[PDB]
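One structure is given below, encoded as structure tokens.
Number of protein chains: 2
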Amino acid sequence: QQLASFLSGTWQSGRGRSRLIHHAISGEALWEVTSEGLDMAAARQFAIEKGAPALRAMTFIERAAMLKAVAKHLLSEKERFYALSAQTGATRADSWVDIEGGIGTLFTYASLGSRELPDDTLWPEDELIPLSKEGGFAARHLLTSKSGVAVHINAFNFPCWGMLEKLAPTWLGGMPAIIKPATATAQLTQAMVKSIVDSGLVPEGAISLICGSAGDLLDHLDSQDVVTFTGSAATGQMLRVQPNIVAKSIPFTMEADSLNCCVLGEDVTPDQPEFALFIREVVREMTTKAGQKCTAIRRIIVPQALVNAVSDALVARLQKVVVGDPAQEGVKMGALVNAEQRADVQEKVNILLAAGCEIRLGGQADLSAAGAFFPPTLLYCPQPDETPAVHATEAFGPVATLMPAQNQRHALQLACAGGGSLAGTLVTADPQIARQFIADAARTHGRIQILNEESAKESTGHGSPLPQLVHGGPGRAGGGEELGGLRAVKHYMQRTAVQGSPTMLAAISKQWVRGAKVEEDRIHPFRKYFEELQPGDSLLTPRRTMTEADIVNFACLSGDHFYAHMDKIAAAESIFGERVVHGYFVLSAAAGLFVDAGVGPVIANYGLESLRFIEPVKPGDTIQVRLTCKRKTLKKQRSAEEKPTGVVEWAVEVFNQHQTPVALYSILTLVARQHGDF
Amino acid sequence: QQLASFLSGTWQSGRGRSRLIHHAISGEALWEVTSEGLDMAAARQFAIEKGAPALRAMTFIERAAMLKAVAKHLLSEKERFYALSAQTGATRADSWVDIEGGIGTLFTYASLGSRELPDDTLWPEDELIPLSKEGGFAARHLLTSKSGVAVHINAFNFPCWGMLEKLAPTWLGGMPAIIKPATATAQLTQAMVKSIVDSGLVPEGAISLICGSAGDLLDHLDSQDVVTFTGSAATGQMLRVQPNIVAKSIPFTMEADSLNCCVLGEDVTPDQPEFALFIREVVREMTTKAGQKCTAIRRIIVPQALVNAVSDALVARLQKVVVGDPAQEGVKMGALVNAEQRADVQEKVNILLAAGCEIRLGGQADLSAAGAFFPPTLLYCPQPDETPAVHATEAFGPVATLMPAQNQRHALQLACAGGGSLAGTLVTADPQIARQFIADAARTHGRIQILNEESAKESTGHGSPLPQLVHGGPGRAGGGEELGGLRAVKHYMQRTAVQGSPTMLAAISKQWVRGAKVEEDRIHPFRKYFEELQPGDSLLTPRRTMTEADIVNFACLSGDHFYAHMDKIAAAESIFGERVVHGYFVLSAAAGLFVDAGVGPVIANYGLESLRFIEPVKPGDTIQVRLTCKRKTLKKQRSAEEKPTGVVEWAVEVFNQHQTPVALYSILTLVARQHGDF
Ligand SMILES: C/C=C/C(=O)SCCNC(=O)CCNC(=O)[C@@H](O)C(C)(C)COP(=O)(O)OP(=O)(O)OC[C@H]1O[C@@H](n2cnc3c(N)ncnc32)[C@H](O)[C@@H]1OP(=O)(O)O
Ligand SMILES: C/C=C/C(=O)SCCNC(=O)CCNC(=O)[C@@H](O)C(C)(C)COP(=O)(O)OP(=O)(O)OC[C@H]1O[C@@H](n2cnc3c(N)ncnc32)[C@H](O)[C@@H]1OP(=O)(O)O
Ligand SMILES: NC(=O)c1ccc[n+]([C@@H]2O[C@H](COP(=O)([O-])OP(=O)(O)OC[C@H]3O[C@@H](n4cnc5c(N)ncnc54)[C@H](OP(=O)(O)O)[C@@H]3O)[C@@H](O)[C@H]2O)c1
Ligand SMILES: NC(=O)c1ccc[n+]([C@@H]2O[C@H](COP(=O)([O-])OP(=O)(O)OC[C@H]3O[C@@H](n4cnc5c(N)ncnc54)[C@H](OP(=O)(O)O)[C@@H]3O)[C@@H](O)[C@H]2O)c1
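Protein chains in written order, with PDB author numbering: chain E, 2 to 679; chain F, 2 to 679.
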């Protein structure tokens, strides 16, 4: 039975040599895959001339609303995904992660990119860099989307998560994606892609899928393309030196295997509650998803006097795990995915047993069953710093080794001897052991969890990549970063420094900056709706003289009898030389000068973004305020009962009779719209 | 005569086959370089075990003061540097840019790190990420420093600027450096390194130099190292695939050659001031440094109806240029650096002449004189969209080519046809033309200048990299980035998401976060000096009941007669339901509860960082304020007369009688120190 590929808008299939997909709990072939004789250059050409100009013609807010709509469409028909995921040998709780945590990444990116990204095709990330003495020459940074494709090469662990966490920043950035999943579990990836395509939510050409080898795709890419890899450390170092990639200098993000430590602290005795949650965390992280997640604990570093207390407490917790079929009852651990995986785990277990020891059911594995089972395995290594095969070999199954250390200076070296890891855990209760651990072992790790009694109630775990924390690590773990929040949408964009006059930078960025021309238009700017405000609508307020009575009235009403405002002997010895006006009174009298009183489109204020007081204000000194619209960035009206609205930022500039700018700042405002959208 | 290399603390010299450094304006050989038989593993050993812990034990503020002291020490003895730089064939106005821009890079990276970096060894870049529903589990991102070396490989253009723009983020990030300069002009780099080392300002092992070939250094590196390359594309694509770099996955940042454009807008006619500054900018950028900078204009795109006038004015402007010895008077353009450069520019000029045309003195360059000169060359290409050898071949001299376009849609394609560039220029006066140019041609450029009459009076130039703007480009320009501000010190660091309880993240980051434990002291925190404030010192103030008269008094004193505070009919038809207390009165009455009225260590306030109003405050509602210290970050007392001080940040949290957090924010304060440092 053929597995199709979505190329050039059409479902196609290959002709020729083929591989095939076995069932995991029984072991018969129920799909067979090939991609031979298909045109890859035409697929890239259709992607570039069709899906890239459609995505690059949207704002970021529309591109986040598209992600929320696709997420709501894929959440409803979720039960046709659990049926395909049970064929991979996973349980129900171990497939809940793969389905729901991969769909929740879309909701996370839709909520992030609607509150923090502009309503434009470009995205100015900085404020302003003044590069002159008068103010006629400045610069600022911009981020524009590339005009190519993003080629993703996934693994076999998470077909629903690992495809779809690389795809929310790709669509949110403005590029069309081509997915090449692993050919051992591609039948879930095809169902995901088919549910995306057959809904009419994304534009055409914005997603493509190849099932089988890519063949002749990396030899056709241009310098506006990006490539992301996820797999072992032996394939990605062959794909890094591919001559088109090093010729055209295209971004290649490699991310590979790792050895993830879990260090027990010196301040832990077996009567404390730390020991039980340590054992629980190690057992859960070693038995979840049959040990087939990349963020699993594989090196357990314990102190010397607590080895026999740990190695006896793990095994009694581990013998209660019943390995078998996930559909029948009483079974917690499922199976592996292939017989090749059952061979490849045990051929690494034998390499570890060439210099290690044995605590449980290790190299015993039934290599002739109709089902990819492997028993949970705990090893031991009494010479940790004289056996380099422990610190370089990961058995990608339920296997983890145990080794001792000596008082927080040998453990800090055994944790850094992994050569670049992907995750780490420390179990302590002393907050000055965690500081010494972070100051020396955060170089090799990309995510570190400190675990104690308070954190363990609502912790997500050692091996759960959150979609707003950096997922990556140096050295052996590839050297790339994913999922850093909005750090991941910047891997699909070009950063540019634009220079010129401020009145030109304001027209490029569609935001008034500081020195641009203004537009005074004879009616008050708080009387306009959202659709008739443009960035650069300015108001010059009338003046107000700050007298000596104003200082006394504000200090009486507020309560701030500070010595630079109320005393006279001590005011003549400070930095100001005499007693001055309060800063919050300047802040309040400014708002008294520009705020309109009548009922209009302005609803709420709720914000003050960045205030700096520059020069002091004295009695006998006037105040005049300039109010300028700056940024518009509407909201999406998630229901039909609600009111259409948007959020306008106004820049406020105060100055005295000498026109020098005391106290310049910026406020937020929620302005109602005339025409709704949904 | 030897050229010594400073390795392992000793000035050494090689024994073997050698290359030699000539004189650029006369022709005699006056140095000779070699590095054979030097121990390259021992230099990395000395830098890791001797110089790196001396840098990773300083704070960021001390590492910025070190840069400022080294800059002030190297600015004084600059007159030997001009004498060394005149041997390279450059004028005084071209050596000024090199030497003084190199030292101004250090002044800029000291003045940024003095203001925007903490007083710590670790650097938290986020604020807080709440990952829970109760509040006992959060995460934040840390940046720690790597524990290896930084191998910098430079080019022959800027021996003083190019070394010292890679070295300031390296030293500010806390890593040592090994500089390999280009052996064609390595006599000035050694004088720089000697003037740095013979001052006692930097630690030992913190800087190393190799004059000659690196030989075997790149086979000895580790995953905690970084490599930066600056040169041609054909060399950096051979050093990218070096089998230790791809096996250990170490960061390699290549930055290569580019074909920089300068597009003339359609709305510019020769009776405008734009035309003369266009001609001036092209001629100055082509005749500066004899066209030996990477950010020089090499393709000139003009409209079709203006080819002849531009081709006349450029030749009438360029024939006034005198090429000769720089020391004798009346000479504008200097010389090249080697006879090999004179022989290698013209073999590119002949490749361009295999399909182009000729406007001035090109391939008639005297290849037998004493001193490497080359005449200012202007070319022409009547068929730009059919000759690919214009858009791929660069001549690294005074050579630039000219070509027409057709009404702002062929020019936007000829500007992007370069294959990724390093800089670009548009000369217009219409801001919509600039919007269209940035929206289509910023994908391939890494810095774009828009030039008009306002900008031209104080523009730094087309080809001057500012130290606080991104210097890099996609595609053919390498793909790397440098000089991005504080974006470049993050290339020498590791980012880590640390998870845990807020009382543990507060101990790791040495800053109170949101939910950590507090330390109440029974004396007021505005009475302590800077050396006895700890992050976590908290004050819980008495209460104040917001009555109805307070709304009227604050609205009368400020002048804000807004309808949600003063009108009663329209307040019942708004979102709040009834009329509420002002936001600025909550801000001003919170400050009356925690401010000490007497004279003490607190000097000024001057700041307010992030204010958000959460719930509305009504009449009959009590208010209580919590005030917690957050971050200390002292200042370095630039004189011996000034009072010592630091800048303490407090976090303010207001809540009502239901303890829900109305209006939480954060303020800045300048607090005096007890004991000064200088
Ligand atoms: C191939 C390479 C080519 C080139 O680089 S050519 C570069 C051409 N650019 C220029 O000429 C500069 C352009 N100007 C701008 O952009 C201008 O916005 C500008 C950079 C002045 C802006 O003014 P700044 O005050 O920001 O200048 P700096 O950051 O460089 O220096 C400030 C700092 O340096 C100290 N300092 C002392 N003496 C000096 C000296 N002598 N020089 C520099 N800095 C000094 C001084 O104490 C000052 O203390 P603080 O302000 O309190 O931090
Ligand atoms: C290998 C893979 C491993 C894993 O992924 S394991 C991941 C484990 N993580 C978890 O289980 C979640 C942990 N929680 C956190 O981290 C928590 O910080 C958190 C993720 C709630 C933080 O809260 P968020 O607001 O960021 O969560 P969401 O943005 O996804 O949900 C809110 C948002 O989503 C929308 N929405 C609607 N339906 C849903 C549904 N059904 N789901 C999500 N979001 C939805 C809803 O309209 C809301 O609209 P707005 O607030 O106005 O923006
Ligand atoms: N985030 C992470 O760090 C992370 C996440 C998940 C998994 N991993 C690591 O990945 C490993 C398990 O996954 P894996 O076995 O699938 O790794 P793999 O064998 O190296 O293959 C990874 C992907 O590369 C493709 N591929 C293999 N050879 C290729 C070639 N010559 N040319 C082009 N593409 C090729 C594969 O497709 P085919 O199957 O068709 O060959 C597969 O999709 C584990 O070591 C695990 O630690 C790491
Ligand atoms: N920021 C930028 O984009 C930028 C800046 C400046 C210059 N450039 C470009 O650089 C070019 C001019 O510089 P260049 O001619 O000096 O470049 P290059 O000759 O090709 O080489 C650059 C550096 O690489 C070293 N190198 C060469 N072969 C090597 C090998 N086999 N192993 C190790 N190192 C080796 C050279 O040292 P040796 O000289 O001792 O052999 C030199 O220091 C121009 O094309 C210019 O556009 C770009």
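Beta carbons are placed, not taken as given, at the ideal position from N, Cα and C, and that holds for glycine.
Check	Outcome
Uninterrupted beta strand (DSSP E) stretches inside the region 600-667 of chain E (no shorter than 3 residues)	603-605, 622-632 and 646-656
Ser465 of chain F CB to nearest heavy atom of ligand 4 below 7 Å	no
For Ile298 of chain E, the first and last residue of its enclosing beta strand (DSSP E)	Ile298 to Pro304
Residues, ordered as in the chain, of the region 220-237 of chain E that lie near chain F by beta-carbon distance below 7 Å	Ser224 and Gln225
Near ligand 5: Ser214 of chain F beta-carbon under 7 Å from a heavy atom	Of the ligands this structure carries, namely ligand 1, ligand 2, ligand 3 and ligand 4, none is ligand 5.
Own chain partners of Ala91 of chain F with C-beta closer than 6 Å, once the 5 adjacent residues on each side are dropped	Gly335
Where the alpha helix (DSSP H) containing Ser112 of chain E begins and where it ends	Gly103 to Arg116
CB of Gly462 of chain F within 8 Å of CB of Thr445 of chain F, strictly	no
According to DSSP, residues forming a beta bridge with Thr546 of chain E	E:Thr623
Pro182 of chain E beta carbon near ligand 3 (any heavy atom closer than 7 Å)	yes
Pair within 8 Å by beta-carbon distance, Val519 of chain F and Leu506 of chain F	no
DSSP bridge partner residues for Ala401 of chain E (one or two, in chain order)	E:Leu379
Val322 of chain E vs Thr296 of chain E beta-carbon contact at 8 Å	no
At least 3 beta-carbon pairs within less than 8 Å: the region 173-185 of chain F vs the region 46-60 of chain F	yes
Listed by chain order, chain F residues near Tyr585 of chain E by CB distance under 8 Å	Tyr585, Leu588, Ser589 and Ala592
Residue 1 of chain E: CB within 7 Å of a non-hydrogen atom of ligand 2	Given a span of 2 to 679 for chain E in the structure shown, any question on residue 1 of chain E remains unanswerable.
Own chain, CB closer than 8 Å to residue 699 of chain F, minus 5 neighbours either side, in chain order	Summary: the structure shown does not reach residue 699 of chain F, with chain F confined to residues 2 through 679, and so no result is reported for it.
CB contact flag (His492 of chain F, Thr254 of chain F, <8 Å)	yes
Same chain only: Cβ atoms within 7 Å of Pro274 of chain F, ignoring 5 sequence neighbours per side	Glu454
Where the beta strand (DSSP E) containing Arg141 of chain F begins and where it ends	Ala139 to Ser146
Local Cβ density within 10 Å of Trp162 of chain F, reported as buried at 16 or more and exposed below that	buried
Heavy atom of ligand 1 within 7 Å of residue 681 of chain F beta-carbon	Not covered by the structure: residue 681 of chain F. The range shown for chain F is 2 to 679.
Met193 of chain F burial status per 10 Å Cβ neighbour count (16 or more: buried)	buried
Option nearest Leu315 of chain F by Cα separation, candidates F:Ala328, F:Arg632, F:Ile576 and F:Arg285	F:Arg285
Range covered by the beta strand (DSSP E) that runs through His472 of chain F	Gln469 to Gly473
heavy atom of ligand 1 below 7 Å from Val284 of chain E C-beta	no
Partner residues on chain F for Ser148 of chain E, Cβ-Cβ distance less than 7 Å	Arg444
Sequence-distant residues of its chain with Cβ nearer than 7 Å to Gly15 of chain E (five each side left out)	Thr35, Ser36, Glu37, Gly38, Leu39 and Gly213
For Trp172 of chain F, the first and last residue of its enclosing alpha helix (DSSP H)	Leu168 to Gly174
Residues of the region 112-145 of chain F with Cβ closer than 8 Å to any Cβ of chain E, in chain order	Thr122, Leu123, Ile130, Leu132, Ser133, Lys134, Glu135, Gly137, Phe138, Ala140, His142, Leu143 and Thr145
Beta carbon of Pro376 of chain F nearer than 8 Å to that of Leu362 of chain F	yes
Reduced DSSP secondary structure (H/G/I, E/B, other) of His23 of chain F	strand
Paired residues, beta bridge with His153 of chain F - DSSP	F:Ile180 and F:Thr229
Beta-bridge partners of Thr497 of chain F, as assigned by DSSP	F:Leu143
Three-state secondary structure assigned by DSSP to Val519 of chain E	coil
Inter-residue spacing [alpha-carbon to alpha-carbon] between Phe374 of chain E and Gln365 of chain E	11 Å
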